[PDB]
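*Asks:* Give me a model of this one.
(3 chains)
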Amino acid sequence: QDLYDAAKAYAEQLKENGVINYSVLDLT
Amino acid sequence: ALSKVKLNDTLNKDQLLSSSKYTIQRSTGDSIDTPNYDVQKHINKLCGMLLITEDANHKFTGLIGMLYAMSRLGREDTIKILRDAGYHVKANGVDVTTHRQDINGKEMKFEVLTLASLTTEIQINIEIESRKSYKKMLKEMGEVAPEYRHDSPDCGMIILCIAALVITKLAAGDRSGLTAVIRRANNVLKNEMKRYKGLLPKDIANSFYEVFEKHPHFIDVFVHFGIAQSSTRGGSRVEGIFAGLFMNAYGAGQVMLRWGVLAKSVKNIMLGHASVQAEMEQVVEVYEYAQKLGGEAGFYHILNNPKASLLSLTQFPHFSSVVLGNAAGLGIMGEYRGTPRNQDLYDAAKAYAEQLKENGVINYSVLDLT
Amino acid sequence: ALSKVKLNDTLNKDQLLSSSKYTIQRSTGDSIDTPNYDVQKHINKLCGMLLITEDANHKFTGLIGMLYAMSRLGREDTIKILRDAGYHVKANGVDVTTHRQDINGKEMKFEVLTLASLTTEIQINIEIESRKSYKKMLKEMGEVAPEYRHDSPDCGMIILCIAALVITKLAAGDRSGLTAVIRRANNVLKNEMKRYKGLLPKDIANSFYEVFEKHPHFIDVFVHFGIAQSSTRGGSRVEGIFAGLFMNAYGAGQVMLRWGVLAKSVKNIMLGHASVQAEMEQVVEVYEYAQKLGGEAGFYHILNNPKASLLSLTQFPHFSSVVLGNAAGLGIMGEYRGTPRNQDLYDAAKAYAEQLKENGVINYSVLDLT
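*Replies:* Numbering: from 1, shown residues only, chains lettered A, B, ... in the order given. Provided below are the atomic coordinates:
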């Protein structure tokens, strides 16, 4: 249960939000 | 030869710490919110909401202030400055999600930042209480101007202006400067307080005092933000006020270093005293060490730097007394809680310093008169 | 030529030891606990529990202090510093497990570190006795503040502050400085003792004295932790205390080296004496050797370094006497247990040194008076 709650806590932090990553695009 | 018997301890101590093979990394915690440039505009709005709110709850404004400073830096840079400081950081992203909640029966939408440190339940309450103050403001003056509203771009920096006043008085390290922080926030930043009801110097300063105390890594983030902010080519007058208020912090926790140059400038006779001259070999070492560091030594006490103790002149009782006496005689100290170790040298320096500032006759040799 | 007949023994002895083909590795023991950054926050809590406990048992605080220092370094580093020192280390991990035990009938849970050196049975007793003192504290002041509680981040470094005071007086090597360690721990760290009942300088210092004596490898761990701690950019004022108190240890076990520069600075006439001048060729070699090592030579006596004996001026009877006499005449030694080999040179140096510090007339040639 402890590993489940710790993984759930971070997984919530992972999906959290949504910034644009400009290094992915081939911008000149 | 007797010239060779010497040992530069000050330089060797620095060489020891500079060439450390191993590193310590302090518990920053479970997570830190690292907002990027895209959210900066949302936090400025959140900062504005607190400012327009009459009798606002500035419990989270110290934390919200840091979020705006980190958003101006950007996720990449703010993570970089935390790691360079010496902290393991678990970076939490920050962006916008629409939260639906039914306040007073009616279902309402709210744009909230999904932060770890700040709950979505308290974020909506900042917006709810601001809407109450907004409609009350709208009812009084009919049409609210761009200056009085939360959408203004200054809002974010206005909250960071008193953060720079808090950082200015962090050298004491016991919330003793709070009185001076509120005082200067009324003299400077006076136009800003007219246009915002929720600009409460006491409430906001205590919030920044709390967040710097609870999170020592955020004071490092603010200092490096302020230097990055001051490195800009130009901006608004509020940004200019912040840059001025931030640079007042430069040299905090080391006023005796500046007053020592003043005593040398005004030529206080007690500097030439025998017991003061015995220390002169070692006091030059710290002044030369201060000259060596340069701009780095400015925030050595604000950031509790290990090497801040090396800049101390207090280790020299006699030189400190004449310097602290010179400041007393010129009438520049007070209420400064520094006590002179040698009382006789202090009183003698104070007496001569009082004689230096008397009357005022015109020196005609200074001008280029023909 | 007669200029060629020479032999640099000091440099050649160093060259012999520096270019050793083989290495000795001392019995560190069966196992050492190497905590990482994830546990650091738990040890800080454990350090806080001891601090809030009234009349606490600081039998394990010297060991618990080292665990916090190693947790700040991190498993990878603290293993690296033990291996670089010259020790075969059997690294034991450190993390959190929940232990269930029925104290006074009622079944209770306890978060304990599964340490080899520290039993889980004694860990719960530290938490049990702290809860007693916590509720007694809660009953007296109603609501306990962030300063008085165990959760504060300073707690861990507060215990390491008197560890730095113990390391400052390790040069003697017989717990003789304990009186000075407690004395300074009252002059220094005075605000910390107000906010924690279990800050007992005598009890905690003896614990660190015990752990450094029983485990000589842990004194190497603390010194390299202190250097790594002092290498940081900035932290809290309590970390500023530790950094200042740790750097006071620099140059311990070699005060005669510093007092020799003082005698040269004040220009004691007995330095020019014939028998003192005969030694001047060889005393310069050790001062140049001290200049060569630099910062490395600071903790050569704290860490019982083989090359610490090379920095000794005691091998020179005449120069040591005038230097020890100069210190006596200026009135800076006492109760220093160093005895002069030449008594006549000591008394002559003491007499002149007393004449140097007399009266106090102003030197007007020093100032830039027009």
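*Asks:* Quick check: the residue of chain A nearest chain C.
*Replies:* Nearest residue of chain A to chain C, counting by Cβ to the nearest Cβ: residue A:2, 8.2 Å away. Yep, even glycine has a C-beta here, placed from its N, CA and C like the rest.
*Asks:* And that residue, how far from residue B:339?
*Replies:* Going from residue A:2 to residue B:339 by Cβ to Cβ, to the nearest Å gives 54 Å.
*Asks:* Distance check, residue A:25 against chain B.
*Replies:* The span separating residue A:25 from chain B equals 15 Å under the rule Cβ to the nearest Cβ, to the nearest Å.
*Asks:* hang on, that residue in a strand?
*Replies:* No: residue assignment for residue A:25, taken from DSSP: H, G, I helix; E, B strand; the rest coil, gives coil, which places it outside any strand.
*Asks:* what number of residues lie near it?
*Replies:* Neighbouring residues of residue A:25 were enumerated by other Cβ atoms under 10 Å in any protein chain shown; the total is 8.
*Asks:* just residue A:17 next, same as before
*Replies:* Burial of residue A:17, expressed as a neighbour count using other Cβ under 10 Å, amounts to 20.
*Asks:* Now residue A:17: closest residue in space that isn't a chain neighbour?
*Replies:* Of all residues beyond its chain neighbours, the one nearest residue A:17 is residue B:95 (3.4 Å), with distances taken as Cβ to Cβ, 6 or more residues apart in numbering or on different chains.
*Asks:* Name all residues that make contact with that neighbour.
*Replies:* Counting by Cβ atoms under 8 Å, 6 or more residues apart in numbering or on different chains, residue B:95 makes contact with A:16-19, B:36, B:38-39, B:113-114.
*Asks:* Quick check on it: phi, psi?
*Replies:* Listed backbone geometry of residue B:95 is phi -160, psi -170, with angles given as degrees, to the nearest 10.
*Asks:* do the one 10 residues further on as well
*Replies:* In terms of degrees, to the nearest 10, the main-chain angles of residue B:105 are phi 90, psi -50.
*Asks:* separation between it and chain A?
*Replies:* Computed as Cβ to the nearest Cβ, the residue B:105 to chain A distance reads 30 Å.
*Asks:* and the end-to-end length of stretch A:20-27?
*Replies:* Between the opening and closing residues of stretch A:20-27 there is a gap of 13 Å (Cα to Cα, to the nearest Å).
*Asks:* Measure how far that stretch is from the centre of its chain, please.
*Replies:* Computed by Cα atoms, centre = their mean, to the nearest Å, the chain-centroid distance of stretch A:20-27 equals 17 Å.
*Asks:* can you check stretch A:20-28 too?
*Replies:* Its chain's C-alpha centre lies 18 Å from the corresponding centre of stretch A:20-28 when counted by Cα atoms, centre = their mean.
*Asks:* can you check stretch A:3-14 too?
*Replies:* Computed by Cα atoms, centre = their mean, the separation of stretch A:3-14 from the middle of its chain amounts to 11 Å.
*Asks:* Same check on stretch A:12-21?
*Replies:* Relative to its chain's centre, stretch A:12-21 lies at 5 Å (Cα atoms, centre = their mean).
*Asks:* first to last residue in that stretch, what's the distance?
*Replies:* The stretch stretch A:12-21 measures 20 Å between its terminal residues, going by Cα to Cα.
*Asks:* residue closest to the middle of chain A?
*Replies:* Computing the C-alpha centroid of chain A and ranking residues by Cα atoms, centre = their mean puts residue A:14 first, at 2.7 Å.
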